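In structure tokens, the next block holds one chain alone, the form deposited in one PDB entry.
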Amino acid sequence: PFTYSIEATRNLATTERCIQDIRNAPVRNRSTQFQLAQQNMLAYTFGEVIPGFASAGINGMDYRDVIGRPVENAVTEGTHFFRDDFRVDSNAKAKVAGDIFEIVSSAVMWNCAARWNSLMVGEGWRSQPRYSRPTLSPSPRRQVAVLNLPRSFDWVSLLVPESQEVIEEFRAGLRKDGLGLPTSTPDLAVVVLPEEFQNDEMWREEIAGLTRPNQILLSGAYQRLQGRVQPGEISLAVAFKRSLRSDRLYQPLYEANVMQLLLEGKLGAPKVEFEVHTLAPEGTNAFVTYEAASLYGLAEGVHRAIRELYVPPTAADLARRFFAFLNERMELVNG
């Protein structure tokens, strides 16, 4: 559970344990002795808790401490079972922490999407826990989907074929002269739910935890939407970075710039909203970096590439910021 528990932990099967001893069955070409089982970790620590949608103690807790709990629980497990034999590299803890930050934050934005959708579809505004009721007038045509995008994803595969053919035509044009414009992905995309699904129920059900099924439910979600989204219906893009360094700033800025070149400049959509979430910005230089104008719009004919760098204090605040974003962004979508 969120708070470590020796019993909860002995209840776990060997393959469900947050630490996976691989000393005697090793990743070839790696010294890795113990594996941080991040899915197992999300399961144990957040099996019953979606921060922002849980106890007041957790929703109001410093988000850094929320995101860090999985690794602390795993570290405890490892110490119980292996005592001073327990060694994980800091890069292990780095990788897992980054992935937890993204997944949990996505999960919180998922539940926000549920509650908002439920409201848009003329049901109630739920209220355990309580969040100031959104003011925008409901309509099922402005439900949103929260898509944590997978490793390797190409966000272009979200777009309706007609939009994809526009980009493909444009890139084939470049490829003849040995040039390109590859797209990768933000970590997460909030998109306007396709009509065809506006009556589907999964998009309105808040999950209770990041149990393996719900992890799957969440990380598979993008599949349901591939090929179905209009250019102007990609509402928000997010990059998660648990901490920043000056060198680790650029992937979102670059990708936001390309999203704009393509969605705005080639497909006539409105401002592409792309933001960066961090728990540890390490000075103020990132905030200045992200004041950069969108390059495409500059050199042609104007706003910033990255709308904001957000440092969520608590899960509740991330939930609040997103509702607020939806209330405000979804009034470009007609009821």
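Rigid core: the largest C-alpha set superposing within 1.5 Å between the two forms. Residue numbers run from 1 along the displayed sequence.
Asks: Is residue 29 unresolved, in the sense of carrying no coordinates, in at least a third of the other compared entries?
Replies: Comparison shows residue 29 dropped in at least a third of the other entries.
Asks: Using the PDB record, quantify the missing residues of the deposited sequence between residue 301 and residue 302 as none, 1 to 3, 4 to 9, or 10 or more.
Replies: Going from residue 301 to residue 302, the model skips 1 to 3 residues of the deposited sequence.
Asks: According to the deposited model, is the average Cα temperature factor higher in 247-255 or in 129-137?
Replies: Going by the record's values, the stretch with the higher mean is 129-137.
Asks: Comparing 288-296 with 27-35, which stretch shows the greater average C-alpha B-factor in the deposited entry?
Replies: Averaging CA B-factors over each stretch, the winner is 27-35.
Asks: In terms of CA temperature factor as recorded, identify the highest of 73, 199, 91, 184.
Replies: In this record, 199 carries the highest C-alpha B-factor of the candidates.
Asks: Between 95, 151, 83, 242, which carries the biggest CA temperature factor in the record?
Replies: Max CA B-factor in the entry, restricted to 95, 151, 83, 242: 83.
Asks: Mind checking which third residue 101 falls in for C-alpha B-factor across the chain?
Replies: Tercile = lowest for this residue's CA B-factor.
Asks: Can you work out whether the C-alpha temperature factor of residue 268 puts it in the lowest, middle or highest third of the chain?
Replies: It falls in the top third of the chain.
Asks: When the deposited Cα B-factors of this chain's modelled residues are ordered and cut into thirds, is residue 79 in the lowest, the middle or the highest one?
Replies: Highest third.
Asks: For residue 320, does the deposited CA B-factor place it in the lowest, middle or highest third of the chain?
Replies: According to the entry, residue 320 has a C-alpha B-factor in the chain's lowest third.
Asks: Using the temperature factors of the C-alpha atoms in this entry, rank residue 107 within its chain: lowest, middle or highest third.
Replies: Tercile = lowest for this residue's CA B-factor.
Not on display, but discussed next: the form deposited in another entry.
Asks: If you fit the rigid core and then compare C-alpha positions between this form and the one not shown, only one of 213, 178, 161, 122 moves by 2 Å or more. Name it.
Replies: With the rigid core superposed, the residue that stands out is 178.
Asks: Would you tell me if residue 294 moves between this form and the one not shown by 2 Å or more at its C-alpha, with the rigid core held superposed?
Replies: Shift at residue 294: 2 Å or more after core fit.
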